[PDB]
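Please read the structure below before turning to the comments.
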Amino acid sequence: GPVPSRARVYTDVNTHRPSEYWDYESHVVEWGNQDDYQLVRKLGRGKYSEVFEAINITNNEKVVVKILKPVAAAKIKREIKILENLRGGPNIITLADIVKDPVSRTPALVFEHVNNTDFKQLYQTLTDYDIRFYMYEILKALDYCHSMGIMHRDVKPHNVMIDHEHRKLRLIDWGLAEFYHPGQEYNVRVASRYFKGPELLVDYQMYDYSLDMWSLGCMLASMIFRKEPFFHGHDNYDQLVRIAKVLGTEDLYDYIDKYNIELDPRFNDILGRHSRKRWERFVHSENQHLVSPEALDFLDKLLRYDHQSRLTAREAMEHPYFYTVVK
Ligand SMILES: Nc1cccc(C(=O)O)c1
């Protein structure tokens, strides 16, 4: 069967911690006052929750209320514990309170207010400098959560809230996030199609923080090349074929050979034979001002089949692509 894998950084962060930190099942939720918050308008409804703009009437400050659909027990306590563990971290959305919603009878997470604009609204119109600036801000959030033993598992433009006027960013929606435990097998039904790493697409369960770095690479490629999404799969199978048309099939077969993965036979009729394309193939007159040799070298080091080979968040922050960003 498949060969095991371990994260190359922050491997044992949870192993050393007391069970209070990662044993989310045993966590006792401290309930706040639901009457402190007045719902103003519905912002959206996802598969697991309904999000509202609200006002905290105790300070007249705007907040965001996420009312969880009754789905699915353990998933609720996991999100709460992850949010509390990460509270105060750089560019991590701040959980202000947890109240019981009087109508749904489910937990309602109250977050600090962020502008009602996600990164998908802005990321195709940024300058070269702003792509570098906001990528560096996202990396601060990812290194913080990975250093805290947590993988986000749903990095995508909709999960980055941005206040462009104020040049501030927050990584949101920790509902798919999980504690990394070396040797643990995880569910591959995470992340959004276009941001799923090859490990998920080939059903390799012993993945780690590096999944978030593939998803970040997909966002970078979509920004510098002005191509939304970069890997445009029709379904989870064609998603891997779209990746293989760029990265090539030989390195895909080397990845599956290394981890002793048995590729779904559904792929024998659709994968074909593809050579790796040079990143310059995606440059054109409309995106050339966003592309530099440093951007392509950085992207190349994120978009790798082998999850163990990708840059970590901290190594990514060291890359020359960010030397122009003011720190
Ligand atoms: N829309 C919005 C704003 C803030 C947090 C969240 C979230 O799901 O964490 C969602």
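Within each chain, counting starts at residue 1; across the structure tokens, chains are named A, B, ... in the order shown, with ligands numbered 1 upward in that order.
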Check every protein, DNA and RNA residue against ligand 1, keep those with an atom at most 6 Å away (counting only C-alpha atoms and all ligand atoms), and present them as a count of residues only.
5
Report task. Find the spatial neighbours of residue A:123, counting only C-alpha atoms, within a cut-off of 12 Å - ignore same-chain residues fewer than 5 positions away - and output them as an NGL selection string. Result -> :A and (117-118 or 128 or 130-135 or 156-158 or 160-162 or 164 or 219-229 or 290)
Sorted by chain and rising residue number, which residues of stretch 112-159 of chain A lie within 12 Å of stretch 22-34 of chain A, and what are their closest atom pairs and distances in Å to one decimal, counting only C-alpha atoms, as a Markdown table?
| residue | atom | partner | partner_atom | distance |
| --- | --- | --- | --- | --- |
| A:148 | CA | A:22 | CA | 10.1 |
| A:149 | CA | A:22 | CA | 8.7 |
| A:150 | CA | A:22 | CA | 9.4 |
Give me every strand (DSSP E or B) residue in stretch 153-207 of chain A, going by DSSP on the backbone, as a short mmCIF file (atom, residue, chain, number, x, y, z; two decimals) with N, CA, C and O atoms, in the first residue's frame.
data_model
loop_
_atom_site.label_atom_id
_atom_site.label_comp_id
_atom_site.auth_asym_id
_atom_site.auth_seq_id
_atom_site.Cartn_x
_atom_site.Cartn_y
_atom_site.Cartn_z
N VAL A 160 -10.24 34.79 1.79
CA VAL A 160 -9.37 35.87 2.15
C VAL A 160 -10.24 37.14 2.07
O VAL A 160 -10.84 37.45 1.03
N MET A 161 -10.40 37.82 3.21
CA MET A 161 -11.20 39.04 3.21
C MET A 161 -10.21 40.19 3.16
O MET A 161 -9.22 40.21 3.90
N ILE A 162 -10.47 41.13 2.29
CA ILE A 162 -9.57 42.21 2.15
C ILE A 162 -10.21 43.60 2.23
O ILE A 162 -11.24 43.86 1.68
N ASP A 163 -9.55 44.48 2.94
CA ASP A 163 -9.97 45.86 3.03
C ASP A 163 -8.87 46.59 2.25
O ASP A 163 -7.82 46.88 2.82
N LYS A 168 -5.38 45.84 4.46
CA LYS A 168 -5.46 44.85 5.53
C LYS A 168 -6.14 43.62 4.98
O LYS A 168 -7.06 43.71 4.15
N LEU A 169 -5.70 42.45 5.51
CA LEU A 169 -6.17 41.17 5.06
C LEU A 169 -6.47 40.23 6.25
O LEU A 169 -5.73 40.26 7.22
N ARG A 170 -7.49 39.35 6.12
CA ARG A 170 -7.73 38.30 7.12
C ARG A 170 -8.05 36.99 6.42
O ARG A 170 -8.83 36.97 5.46
N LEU A 171 -7.47 35.89 6.94
CA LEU A 171 -7.77 34.55 6.46
C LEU A 171 -8.98 34.06 7.28
O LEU A 171 -8.91 34.02 8.52
N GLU A 178 -7.84 21.61 10.29
CA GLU A 178 -7.60 20.42 11.11
C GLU A 178 -6.25 20.48 11.78
O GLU A 178 -5.34 21.19 11.33
N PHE A 179 -6.14 19.79 12.93
CA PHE A 179 -4.88 19.63 13.64
C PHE A 179 -4.05 18.60 12.93
O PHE A 179 -4.55 17.54 12.54
#
Find the residue from A:140, A:196, A:276, A:66 that sits nearest to residue A:91; use only C-alpha atoms when measuring.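 Comparing A:140, A:196, A:276, A:66 against residue A:91, the winner is A:140.
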At a cut-off of 8 Å, using only C-alpha atoms, what residues contact residue A:193? Leave out same-chain residues fewer than 3 positions from it and give the result as a PyMOL selection string. chain A and resi 196+233+235-236+239
Any chance you can output those residues with N, CA, C and O atoms as a compact mmCIF listing (two decimals), in the first residue's frame?
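Output (result_39.txt):
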# COMPACT_ATOMS: atom_id res chain seq x y z
N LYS A 196 -7.53 22.23 -5.10
CA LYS A 196 -7.17 20.94 -4.51
C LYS A 196 -5.78 20.52 -4.96
O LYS A 196 -5.48 20.55 -6.14
N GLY A 233 -10.51 22.55 -14.04
CA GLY A 233 -11.07 21.21 -14.17
C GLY A 233 -12.58 21.22 -14.23
O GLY A 233 -13.22 22.03 -13.55
N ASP A 235 -14.30 18.52 -13.33
CA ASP A 235 -14.61 17.71 -12.16
C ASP A 235 -13.27 17.35 -11.49
O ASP A 235 -12.24 17.75 -12.03
N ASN A 236 -13.26 16.56 -10.39
CA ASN A 236 -12.00 16.22 -9.68
C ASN A 236 -11.02 15.43 -10.53
O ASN A 236 -9.81 15.50 -10.30
N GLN A 239 -9.58 17.79 -13.17
CA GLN A 239 -8.72 18.72 -12.42
C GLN A 239 -7.26 18.24 -12.44
O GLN A 239 -6.36 19.03 -12.73
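If you measure from each of A:75, A:289, A:310, A:301 to residue A:7 using only C-alpha atoms, the closest one turns out to be A:310.
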Could you list, with a cut-off of 10 Å and counting only C-alpha atoms, the residues of stretch 174-202 of chain A near stretch 251-255 of chain A, each shown with its nearest atom pair and the distance in Å rounded to one decimal, rows sorted by chain and ascending number, as a tab-separated table?
residue	atom	partner	partner_atom	distance
A:198	CA	A:252	CA	8.7
A:199	CA	A:255	CA	9.4
A:202	CA	A:252	CA	9.9
DSSP-assigned helix (DSSP H, G or I) among stretch 165-297 of chain A, expressed as a ChimeraX atom specification = /A:193-195,198-201,210-224,236-247,249-258,265-269,279-282,288-290,293-297
